[PDB]
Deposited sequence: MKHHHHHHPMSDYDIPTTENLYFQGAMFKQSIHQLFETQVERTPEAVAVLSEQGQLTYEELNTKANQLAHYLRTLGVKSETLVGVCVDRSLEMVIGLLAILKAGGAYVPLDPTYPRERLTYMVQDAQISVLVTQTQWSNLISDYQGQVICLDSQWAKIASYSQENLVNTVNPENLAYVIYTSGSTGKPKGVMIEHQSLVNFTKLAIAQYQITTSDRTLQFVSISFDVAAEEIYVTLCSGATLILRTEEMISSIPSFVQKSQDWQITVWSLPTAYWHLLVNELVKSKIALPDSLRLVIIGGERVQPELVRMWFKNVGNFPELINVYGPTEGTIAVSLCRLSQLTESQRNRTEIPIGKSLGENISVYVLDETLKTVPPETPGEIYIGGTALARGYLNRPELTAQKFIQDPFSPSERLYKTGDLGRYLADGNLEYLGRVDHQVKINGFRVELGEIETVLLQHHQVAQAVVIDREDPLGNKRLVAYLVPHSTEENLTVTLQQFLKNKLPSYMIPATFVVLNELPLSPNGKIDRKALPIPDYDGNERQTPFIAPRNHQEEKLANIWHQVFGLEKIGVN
């Protein structure tokens, strides 16, 4: 039953070539058009040396071009590495070097973001004539399921981010299970919300495209106000929202504060990223009710997007009335979500422990971080041919079988919905000449430091220093 993520999409293209696949404010592509265009780019990428295990940087904005690019890389046999164009030059440059990327799929407006790069560059906005000269046919046997589909960077406590390596087989497994869990059909219209820097974008994109639904790319302007967000979702007739929990929190507050009606097309809201506030869940069910369906989805990047879900709209009133809203049960049978003690033994129900993930969900590992890999991706001592990923998440199984998230064992947090290792910021701040010791903590980010030879514009100095190294959400909003 061997399958690549793009084969899964290709099957769907055969089924419904003329359905709309992607839609943005600026235009649209049918399944056939998306496929043939990605095929053209893929064929070109092959002539540039892209083959299985080749890492291809992708530095694009959210656009039809982005989706063509991702699929092209996949069809070519390569694995993409998202290069968020809002990140500072120094970060993107580290990632390009760390990942040894020699092909970069980008656009002309981003062309000078890499401290200059000797690899091949493809600008999709300006080189389309050249790309249109390549074959429109599907490529064959470029990749196996164990080969990489993408390497996505996440925050590193030691001072630099690191790439999580995801193989097709775990991504395909996730997409299939999620299509069936959410009942995605050809009539669905899913809003693509999160940046491809975060692996929830893969869920949005591939769940939608591998089932024949229509993927609707959001604008930047539509999220800044909830009324705009809702109204736009109504204009687009969106059926599925995938929202960071922290944005969803905003949404629930604004729904009650105002008298805003959810779009009438909306049937499913998928949330995850962090602890959902039980009070806002109560507020949801009081003001909205059980439709649209609300689902809490949990997992880390290292277990391929998500491993567990809880249908919040299906919970009893008293199940919603605990200190914590459950994250639920395994997405599927080949994904194991354990709560284990410190010798990796399961515990009786209702006893807390650390969440470990096993089975088909696992990343291959971290890219070029052998110590970190060996430490987080452990050989299962009771099932020798298998691994367990150590999440750093504390949890417990309730007697009803549902999993509870109980917090972290460490200094990883969520700021604006994004994964942040506090030690990354701290490690980086320490590198500055007039910083001697530093502690950064939540809650959102406040940096506590003892200066070396302070001026009174130290705050503004460190904000510039961090501005050119870290993503904005990692920049402490106040200093002390």
Next on the checklist: Taking the deposited sequence as numbered from 1, list the residue ranges that were left without C-alpha coordinates.
Outcome noted: 1 to 27, 471 to 477, 515 to 573
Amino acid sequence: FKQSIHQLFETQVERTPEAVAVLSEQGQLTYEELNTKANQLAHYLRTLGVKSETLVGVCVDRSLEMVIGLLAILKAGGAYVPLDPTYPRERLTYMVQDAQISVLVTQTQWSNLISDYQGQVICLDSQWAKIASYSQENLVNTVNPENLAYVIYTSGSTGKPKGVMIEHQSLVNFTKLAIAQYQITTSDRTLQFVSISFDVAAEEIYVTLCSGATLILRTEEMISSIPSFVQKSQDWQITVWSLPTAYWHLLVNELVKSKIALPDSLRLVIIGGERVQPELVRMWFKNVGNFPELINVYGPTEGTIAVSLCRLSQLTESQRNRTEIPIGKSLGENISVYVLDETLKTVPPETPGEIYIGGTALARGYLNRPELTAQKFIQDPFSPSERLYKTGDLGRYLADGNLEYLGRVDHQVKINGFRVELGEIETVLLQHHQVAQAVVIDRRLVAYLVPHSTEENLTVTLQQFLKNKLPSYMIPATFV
From here on, numbers count along this sequence of modelled residues.
Checklist outcome for this item: Quick note on 204 to 212 and 116 to 124: per-entry mean CA temperature factor is higher in 116 to 124
Checklist entry - Going by the B-factors listed in the PDB entry, is the mean over the C-alpha atoms higher for 17 to 25 or for 467 to 475? => result 467 to 475
Item to check | Out of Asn416, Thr30, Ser52, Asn39, highest CA B-factor residue | outcome: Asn416
Item to check | Residue with maximal Cα B-factor (values as given in the PDB entry) among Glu167, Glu324, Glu90, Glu137 | outcome: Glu324
Checklist entry - Thinking about Cα B factors across the chain, which third does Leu74 belong to? => result lowest
Item to check | Lowest, middle or highest third - CA B-factor, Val252 | outcome: highest
Checklist outcome for this item: Quick tally, chain-level thirds of C-alpha B-factors: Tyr182 sits in the lowest
Item to check | Chain thirds of CA B-factor: placement of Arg62 | outcome: middle
Checklist outcome for this item: Split the chain's modelled residues into thirds by Cα B-factor; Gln109 lands in the middle
